[PDB]
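**Student:** Experimental coordinates for this protein are included below, preceded by the sequence.
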Amino acid sequence: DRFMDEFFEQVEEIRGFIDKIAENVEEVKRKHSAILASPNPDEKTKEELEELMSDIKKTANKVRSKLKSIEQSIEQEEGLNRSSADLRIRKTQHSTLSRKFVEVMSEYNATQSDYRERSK
């Protein structure tokens, strides 16, 4: 009762960390098409860019390490010689949380190189 009740309570705060990367990444996506190649935006359009790239790095490192602690805890209670429905419920929420985190974080890995590979 106590260990799975803390596991459901910590996911409701991490869904706030998942929405907080996809809103900050949607702002970088309006900035990076006028400025990667600046033919028209601002002077220091860069005046805000040291804020948005250092903001996604601080939350992304806070969330990515709570996602490894769920994958690290399944492989440590599997190897004990166990077969239970509480173990299998834990991989059901991890595969929905890591699939929505890869669609935005694997897209953000291509966003920093697409700023300066072409710089069109």
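**Tutor:** All right, it came through fine. Numbering: from 1, shown residues only.
**Student:** Need the phi and psi values for residue 15.
**Tutor:** Main-chain dihedrals, residue 15, degrees, to the nearest 10: phi -60, psi -30.
**Student:** And for it, the neighbour number?
**Tutor:** By the measure other C-beta atoms under 10 Å, the count of residues near residue 15 is 11. All C-beta spots, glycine's among them, are computed from the backbone N, C-alpha and C.
**Student:** ok, now the one 5 residues further on?
**Tutor:** A total of 16 residues lie near residue 20 under the criterion other C-beta under 10 Å.
**Student:** Give the closest residue to it in space, chain neighbours not counted.
**Tutor:** Distances taken as C-beta to C-beta, 6 or more residues apart in numbering place residue 59 nearest to residue 20, at 5.6 Å, with adjacent residues excluded.
**Student:** Can you verify my assumption that the one you found contacts residue 22?
**Tutor:** No. Using C-beta atoms under 8 Å, residue 59 is not in contact with residue 22; the gap is 11.0 Å.
**Student:** those strands in this structure, which residues are they?
**Tutor:** Here the chain has no strands by DSSP state E.
**Student:** residue ranges of the helices in the chain, please?
**Tutor:** Shown for the chain, the helices assigned by DSSP state H span residues 2-35, 46-78, 85-114.
**Student:** Can you lay out those as a markdown table showing distance to residue 120?
**Tutor:** Conversion of the helices of the chain to a markdown table gives the following (distance: least, C-beta to C-beta, whole Å):
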| stretch | distance to residue 120 |
| --- | --- |
| helix 2-35 | 9 |
| helix 46-78 | 17 |
| helix 85-114 | 9 |
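**Student:** ok, and the closest non-adjacent residue to residue 41?
**Tutor:** Excluding the flanking residues, the one nearest residue 41 by C-beta to C-beta, 6+ apart is residue 34, at 4.1 Å.
**Student:** and the one you found, how far is that from residue 45?
**Tutor:** Using C-beta to C-beta, to the nearest Å, residue 34 is found at 7 Å from residue 45.
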